[PDB]
Amino acid sequence: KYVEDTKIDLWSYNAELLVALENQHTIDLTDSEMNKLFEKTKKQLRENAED
Amino acid sequence: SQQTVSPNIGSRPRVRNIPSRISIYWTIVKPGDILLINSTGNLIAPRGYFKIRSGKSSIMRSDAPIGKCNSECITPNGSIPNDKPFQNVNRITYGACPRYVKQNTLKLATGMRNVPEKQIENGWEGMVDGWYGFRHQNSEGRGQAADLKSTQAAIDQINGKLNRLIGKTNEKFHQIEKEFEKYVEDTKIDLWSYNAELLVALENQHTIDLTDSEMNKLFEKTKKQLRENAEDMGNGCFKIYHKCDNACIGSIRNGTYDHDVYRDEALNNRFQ
Amino acid sequence: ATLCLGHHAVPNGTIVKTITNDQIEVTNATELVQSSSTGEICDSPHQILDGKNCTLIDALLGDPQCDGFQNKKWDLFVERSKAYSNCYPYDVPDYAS
Amino acid sequence: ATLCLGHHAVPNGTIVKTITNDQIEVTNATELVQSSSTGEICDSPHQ
Amino acid sequence: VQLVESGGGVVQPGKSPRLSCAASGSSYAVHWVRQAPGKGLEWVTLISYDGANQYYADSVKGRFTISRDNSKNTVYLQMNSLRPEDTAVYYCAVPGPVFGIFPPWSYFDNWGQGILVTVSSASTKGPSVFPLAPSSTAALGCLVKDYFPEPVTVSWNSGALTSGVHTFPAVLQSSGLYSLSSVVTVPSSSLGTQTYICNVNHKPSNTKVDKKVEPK
Amino acid sequence: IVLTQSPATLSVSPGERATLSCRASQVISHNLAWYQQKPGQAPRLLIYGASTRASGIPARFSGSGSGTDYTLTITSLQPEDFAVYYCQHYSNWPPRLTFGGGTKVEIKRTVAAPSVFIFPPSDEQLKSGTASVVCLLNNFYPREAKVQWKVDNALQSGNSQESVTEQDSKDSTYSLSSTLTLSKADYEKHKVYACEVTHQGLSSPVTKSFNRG
Ligand SMILES: *[C@@H]1O[C@H](CO)[C@@H](O[C@@H]2O[C@H](CO)[C@@H](O[C@@H]3O[C@H](CO)[C@@H](O)[C@H](O)[C@@H]3O)[C@H](O)[C@H]2NC(C)=O)[C@H](O)[C@H]1NC(C)=O
Ligand SMILES: *[C@@H]1O[C@H](CO)[C@@H](O)[C@H](O)[C@H]1NC(C)=O
Ligand SMILES: *[C@@H]1O[C@H](CO)[C@@H](O)[C@H](O)[C@H]1NC(C)=O
Ligand SMILES: *[C@@H]1O[C@H](CO)[C@@H](O)[C@H](O)[C@H]1NC(C)=O
């Protein structure tokens, strides 16, 4: 009982942290790609356009 | 079940001047079942039965006084508030309690890296209204103003992770409270202490990266805004090749500035 | 004519840990470990039964000093180090269970 | 004469968790927990 | 770090009263949160720690002005272009720190005592105390109609009877004047014996009226 | 952004737990603060940053929430906790500062019907040009009461003025007074003046009318 509950609590903690870490990376990942593509366009058009 | 116990006649070390003893035994009789007692002497018979429920209730060895108050978490060293996600008071707990860790302190960074004036990373002890800002020396004089955009962006993120770390959100939480061998308990406390040590490191690594970014972003935003009208004067300062009144600096820091207005004016002073 | 870009600072800050740094000074920090306690068990919201001079087994068997504990209930029973027995000497083979 | 830079969106998205966010809507997501079962033990590959 | 406010009382639309909020010796940013009578809290303005920036709510935008004299260690809420919708208790507040830094927009950990202003343009009229006759278990009262400004102190039999008393708060009429009732309860037998007088007293427009009740 | 507080009033007995909700029109990233306002005095800061409890505030005040749904909990309510409470949003980049409507933490009591009393206008006021009819609702519980005016069996509008007391020191009861303003000319035109009281404490809307004679 005690051992099994200790186990399930530590594994539930792992799963909750892993998903958070993984998704934190994926949001950062996708936010970057968008920012990169906007800045790529900015450096390309340069003075010929305004933000 | 069946329990056979033989009486053992013999003097044992006197306790409260009694060389005799009573060995206590228990039997649980299930709803269908019947209790059957056979004895030819020496039996200490029951007077009835006790109610025997599931769980949730407990026992604690403690010499701490009971007092008129409301606290969800109990330890043998007295009750503790369950704000923080971890505790070091006692491995023995009864209510919805923070997890027990070996560490007596885990500092969660809720700010930015301290680089002070006394010894772009220009740490200003004087800027206390924001985490990132501007300092100018123009025609009209000197002045300091904090950037609330980068500040609020940093505050909001720390708020997010802090709330998630200390519960106080709507969930199945990040560090769920413990409810409740030696070896098993030590195994547990070592793995939980590892968790807490790694979590804080990860969390703070993110917060430093977070705050370092916000500063770099605000410096680059200024660089793309001034463009050719200024030059990166070594450190965290720029050298605007024209004059700017308290309204011109305001237009840079408040974002409503463009290089076209001060174009020809900047081209003149630069070629000298 | 000269525009400088800086940030906030404190004379003495808090030393924290990151993935790449075991000692790193930051402007502000917060505690995540409860180290302090008042030194008293609170009655609310749990039913507390202070065993006092009684052990739970003494309250169960019915030692005279424990007559007050009859038919009592609890969320948590608080057993005292100074509790003692004062009835017929007894032994419970497998007491903890 | 006017060049706009955007991204994909869905009317109703999936709410997920990150390090700084306990509730954050995303375009697409996947499950990592098996909650359902047919209600029958399979013979193969175990005796 | 106590705060003290000044510049209250009654004010007639067209005038420009100045609200002052003083400290106790450096300087933070200062906000103003107002509370209309019987209504909730409303944020109206704020001034920066230095004064460079000033923010006003859409309600008081263009009508109110905020200034600060660091020398005198005070903040001034200059209120012009009045509307009777400015009749409120004004509270000055100091923003609390967040993660070591003190930005202007935050929670308020320090508040002033509160100063009431009354946009009304009304004559300092005295009340006309009329009785509320008990009918043939059992109540009687005093209608303290048309008075200005606030308040009025009512006591029954020069502070003799206390139990059964109920003095209602003042209602602001269309007349721009206040009016209130004060009632009491005692047996329908004891009315013939005992006599009841409601000691009504108005501080501005000085008057100490007395009125006796008789059954009809 | 707009803050919506619920319930407008919450009836609680001492010892019980209170759960005060604050709904934001959009995500406020935990930038919320809770205040306690006692009558006459300035609001008292309880919580900030949605969950962080202010210096010296008793442990029973618990602030929580995320997204747009935030909560204020008083685990074991003391008699000194009966007051008005306001949630507050604040932000520096998108500059904003809003207060919610506020919630009244009212003393829970058994339902008590109002003691209805109707008072005809005085002869002195009658000879001044205006006539004021007064209805008294004495010591009732809960606060939710409806008073209607009937001039010769005809419902009035915008000529009535209600005034209610605070919860009584002794029995935490409510007392209300509705006053109807009429001209001496209009008061003379009609004979009967009724006051219809609707309250949970009464099985049916109780009326108290009078005639000029
Ligand atoms: C992080 O920043 C917060 C502010 O955002 C700091 O909180 C402040 O901590 C000080 C600690 O001394 C509190 O000062 C008070 O001083 C009086 C007089 O000496 C004393 O009687 C009080 O008991 C208290 O110590 C201050 O009130 C508190 N402010 C808030 C808003 O909680 C915090 O210390 C900073 N943490 C770190 C590690 O830098
Ligand atoms: C906590 O509880 C026990 C109760 O017997 C007390 O004697 C001890 O000093 C405490 N231990 C710690 C590590 O605080
Ligand atoms: C920005 O610059 C000045 C303040 O120095 C002001 O005239 C202008 O309206 C400001 N605009 C914004 C969007 O803040
Ligand atoms: C506990 O026992 C001691 C003697 O050992 C006695 O002085 C005291 O009164 C007893 N206390 C209680 C709570 O029964």
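See above for the structure.
Each chain's residues are numbered sequentially from 1 according to the written sequence, a convention that need not reproduce the entry's numbering, and residues without coordinates are excluded. Chain labels run from A onward and ligand labels from 1 onward, assigned in the order the entries are written. The structure shown is incomplete relative to its larger assembly, and all values pertain to the part shown. To obtain the side-chain values, all non-hydrogen atoms of the structure were included, while hydrogens and water were left out. Residues with missing side-chain atoms are left out of burial classes, side-chain pairs and their counts.

Visitor: In this structure, what is going on with the overall build of chain C? I would like to understand it.
Guide: Broken down by element type, chain C carries 1 helix and 9 strands. Each helix (α) and strand (β) of chain C, taken in turn from the N terminus, gives the series β-β-β-β-β-β-β-α-β-β. Taken against the 2.2 N^0.38 rule, which gives 13 Å for 97 residues, the C-alpha radius of gyration of chain C at 28 Å runs more than 25% over that of a compact globule. With the C-alpha coordinates aligned to their principal axes, the bounding extent of chain C is approximately 95 × 30 × 20 Å. Here's how the labels work: a residue is buried when its accessible area is under 20% of the maximum for its type, exposed when over 50%, partly exposed in between, all with a 1.4 Å probe on protein chains only. Within chain C, the fraction of its 97 residues that count as buried is 39%. Looking at chain C alone, contacts between residues at least 24 apart form 45% of all its contacts between residues at least 6 apart. Taken as a whole, chain C presents about 5,000 Å² of accessible surface, with 48% of it coming from carbon and sulfur. The charge count treats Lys and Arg as positive and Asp and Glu as negative. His and the chain ends do not count. Taken as the charge centre is NZ of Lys, CZ of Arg, CG of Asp or CD of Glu, depending on the residue. The distance from the centre of the 6 positive side-chain charges to the centre of the 13 negative ones in chain C is 6 Å. Numbering of helices and strands runs from the N terminus, with a helix taken as a DSSP run of H or I at least four residues long and a strand as a DSSP run of E at least two residues long. Based on C-alpha atoms, the radius of gyration is set beside the globule rule, defined as 2.2 Å times the residue count to the power 0.38. In this analysis, two residues are considered to be in contact whenever any of their non-hydrogen atoms come within 4.5 Å of each other. Surface accessibility follows the Shrake-Rupley procedure with a 1.4 Å probe radius. Residue values consider only the protein chains on display as shielding.

Visitor: Looking at this structure, I do not really get the interface of chain F and chain E. What am I missing?
Guide: Across the boundary between the two partners, chain F contributes 39 residues, which contact 37 residues of chain E. A buried area of about 3,200 Å², summed over both sides, lies between chain F and chain E, and 66% of it is on carbon and sulfur atoms. Whenever a carboxyl oxygen of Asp or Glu lies within 4 Å of a side-chain nitrogen of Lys or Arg, that contact is scored as a salt bridge. Applying the counting rule to chain F against chain E returns 0 salt bridges. Between N or O atoms, a polar contact is any pair within 3.5 Å; within protein, one atom must be a potential hydrogen donor and the other a potential acceptor, and residues adjacent in sequence are included only when both atoms are from side chains. For the pair chain F and chain E, the interface holds 9 residue pairs in polar contact. Looking at which element gives the most residues to the side of chain F that touches chain E, the answer is strand β13 (residues 130-140) of chain F, with 6 residues. We call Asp, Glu, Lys and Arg charged. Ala, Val, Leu, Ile, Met, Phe, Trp, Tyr, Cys and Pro are nonpolar, and the rest, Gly among them, are polar. Looking at the side of chain F that touches chain E residue by residue, the class counts come to 17 nonpolar, 18 polar and 4 charged. The quantity reported as buried area is the accessible area (1.4 Å probe) lost by two parts once they are put together, taken as the sum for both.

Visitor: Before we go on, may I ask you to explain the nonpolar core in this structure?
Guide: Nonpolar side chains tend to gather and get buried jointly when the protein is soluble and globular. Core analysis: the biggest nonpolar cluster contains 89 residues, and B:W131, E:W43, E:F108, E:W111, F:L20, F:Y85 and F:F99 have the highest contact counts within it. If one sorts the elements of this core by residue count, helix α2 (residues 183-226) of chain B sits on top with 9 residues. Nonpolar core, defined: a set of buried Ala, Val, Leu, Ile, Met, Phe, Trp, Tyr and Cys residues in which side-chain atoms within 4.5 Å join the residues together.

Visitor: Looking at this structure, how should I read the interface of chain B and chain C?
Guide: Reports often express the size of an interface as the amount of accessible area lost when the parts come together. Contact with chain B, which involves 101 residues of that partner, is made by 69 residues of chain C. Considering every element that reaches the side of chain B that touches chain C, the biggest residue donor is α2(B), with 13 residues. Of the residues contributing to the side of chain B that touches chain C, the split by class is 52 nonpolar, 33 polar and 16 charged. One ladder, built from 3 bridges, connects strand β3 (residues 66-70) of chain B with strand β6 (residues 41-44) of chain C; its direction is parallel. When the bridges of β6(C) are listed, B:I66 appears paired with C:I41. Strands are treated as partners if at least two bridges between them are detected by DSSP.

Visitor: Would you mind going over the pattern of salt bridges with me for this structure?
Guide: Close approach of charged atoms allows side chains with opposite charge to pair. Inspection of the entire model under this criterion finds 33 salt bridges over all chains. A salt bridge links B:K217 to B:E214, with the shortest nitrogen-to-oxygen separation between them at 3.2 Å. Separated by 3 residues within a single helix, B:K217 and B:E214 lie in helix α2, roughly one turn from each other. Each of A:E16, B:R164, B:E171 and D:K17 takes part in a single network of salt bridges with overlapping partners.

Visitor: Explain the sheet that holds strand β8 (residues 69-74) of chain F here, please?
Guide: Each strand in a sheet pairs with its neighbour through backbone hydrogen bonds, running either in the same direction (parallel) or in the opposite one (antiparallel). Residues and elements named next belong to chain F. Strand order in the open sheet formed by 4 strands is β1-β3-β8-β7, and the pairing between neighbours is antiparallel. Each end of this open sheet is capped by a strand with a single partner; those strands are β1 (3-6) and β7 (61-66). Between one strand axis and the next, the sheet turns through 20 degrees on average, direction left out of account. Every axis corresponds to a line fitted to the C-alpha atoms, with the helix fit spanning only the stretch in contact, and the corresponding angles, defined between N-to-C directions, vary from 0 to 180 degrees.

Visitor: Which parts of the structure should I look at to understand the site of ligand 3?
Guide: Residues and elements named next belong to chain B. Residues are counted as near a molecule or strand when any one of their heavy atoms sits within 4 Å of it. Around ligand 3, the neighbouring residues are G250, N254 and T256. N254 places a polar side-chain atom, nitrogen or oxygen, 2.3 Å from an oxygen atom of ligand 3. In the complex, the protein chains occlude 33% of the 370 Å² of accessible area that ligand 3 would expose alone.

Visitor: I would appreciate a short explanation of the sheet that holds β13(F) in the present structure.
Guide: Residues and elements named next belong to chain F. If you walk across this open sheet you meet the 4 strands as β12-β13-β16-β15, and the pairing is antiparallel. This sheet does not close on itself; its edge strands, each paired only once, are β12 (115-119) and β15 (160-164). Here the average twist between neighbouring strands, direction ignored, is 15 degrees. Strand direction decides the pairing type here: β12 and β13, joined by 5 bridges, are antiparallel.

Visitor: How do you make sense of the packing of aromatic side chains when you look at a structure like this?
Guide: Where two aromatic rings form a pair, the distance of their centres and the angle of their planes describe that pair. Two aromatic rings from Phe, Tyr or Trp, using only the six-membered ring of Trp, form a pair when their centres are within 6.5 Å; if the ring planes differ by under 30 degrees the pair is stacked, by over 60 it is edge-to-face, and anything between is tilted. Applying the stated criterion to the full structure yields 23 aromatic pairs over all chains. Where E:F148 meets E:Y178, the ring centres are 5.9 Å apart and the plane angle is 10 degrees; that geometry is what we call stacked. Residue E:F148 is found in the loop between β13 (139-147) and β14 (152-156), and its partner E:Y178 is found in strand β17 (residues 178-185); the two are separated by 30 residues along the sequence. Using a relative accessible area of 11% as the deciding quantity, one classes E:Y178 as buried. Each ring, one from F:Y35 and one from F:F99, has its centre 6.0 Å from the other, and the planes form 40 degrees; the classification is tilted. Of this pair, F:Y35 sits in strand β4 (residues 32-37) while F:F99 sits in strand β10 (residues 96-99), and the two are 64 residues apart along the sequence.

Visitor: What am I meant to see in the packing of α2(B) against helix α3 (residues 246-253) of chain B here?
Guide: Helix-helix packing is described using two parameters, namely the angle between the two axes and the distance between the axes. Residues and elements named next belong to chain B. One way to put it is that α2 packs onto α3 with a least axis distance of 10 Å and a crossing angle of 120 degrees. On the basis of the axis angle, α2 is oblique to α3. Contacts from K221, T222, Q225 and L226 in α2 reach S251, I252 and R253 in α3. In terms of residue class, the contact of α2 with α3 is built from 2 nonpolar, 3 polar and 2 charged. Any angle from 65 to 115 degrees is called roughly perpendicular, while one under 35 is roughly parallel, one over 145 is roughly antiparallel, and all others are oblique.

Read these as geometric descriptors, not functional statements.
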